[PDB]
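Next comes just one chain, in structure tokens: the form deposited in one PDB entry.
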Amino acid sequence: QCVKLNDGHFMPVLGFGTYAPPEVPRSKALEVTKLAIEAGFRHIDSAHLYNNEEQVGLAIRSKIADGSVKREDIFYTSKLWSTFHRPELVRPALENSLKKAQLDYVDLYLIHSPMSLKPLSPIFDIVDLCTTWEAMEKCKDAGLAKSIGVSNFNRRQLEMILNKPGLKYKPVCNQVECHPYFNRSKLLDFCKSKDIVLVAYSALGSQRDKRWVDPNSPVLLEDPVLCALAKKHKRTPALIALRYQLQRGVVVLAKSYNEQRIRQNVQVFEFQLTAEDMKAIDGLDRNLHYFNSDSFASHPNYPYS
């Protein structure tokens, strides 16, 4: 249940999202990530910004120790935060992440966002990200990351890397917000044309953080069409939203800190949607990105409109 990447490595098509707001204790990320691996998750999504890499690393190592999984069976992702985009900071930031997680390599390292910040939430900065990508390329050559990609890149920002003079490695993936209300069908078409995997976050709609998400926005999992399809298939609305991405070639993440819902989310491989189901879901696209805050929308390299 993996997809082959542009650089030869493989990525599991269902990933586990580990972000919890700072009010959730970090000991939960350790328990939860162990349960995700117990449930069948082999793709685990973390980042510098998430303040959990020590716990997520320990969880992986703990399951490696108890004879459940081997390191080569786990796909660990980290992300370079936007205060570290200047090239001389890229490798130290990655080495720090491996340090926190106590791992020898990450399977995937991403530029978290194209919106550079002053060298964690400072003020904007102006960085030529082709130089940041060059430092990413060296992290792959050095073996600190098996694969390298980007996150929150729009079409123009992706093209800049692919058009870079003397590019070494193209981005393996682009991790963007993607769900039935914001399905990125044009960006998905472009990524499939360049052999770039689209990885979807907020596929269950969001954690609806009051910092960045308007509480007046519709709740994706309460959508009428998704709920009717859940009743039709005798599944849950979350499983329909996840199966929707797998059937259109999108690697999908799913955060859950609930034992029961983590186990339920791996049932996405058990059933299929029909062609009629898929256009029902495609008709829900309404250009609604849940993350909508002036802090993002004021940045010069803001990927949206």
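Don't overthink the numbering: it's just position in the shown sequence, from 1. Shifts are known only where both forms have a C-alpha. If you superpose the two forms and keep the largest set of C-alpha atoms that fall within 1.5 Å, you have the rigid core.
Form deposited in another entry: not shown, discussed below.
- After superposing the rigid core, the Cα of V24 is displaced by less than 2 Å between the shown form and the other one.
- Shown in the overlay between the shown form and the other one, fitted on the rigid core, is a CA shift at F291 smaller than 2 Å.
- Core-superposed comparison between the shown form and the other one: residues with C-alpha shifts of 2 Å or more form a single run of three or more, at 293-300.
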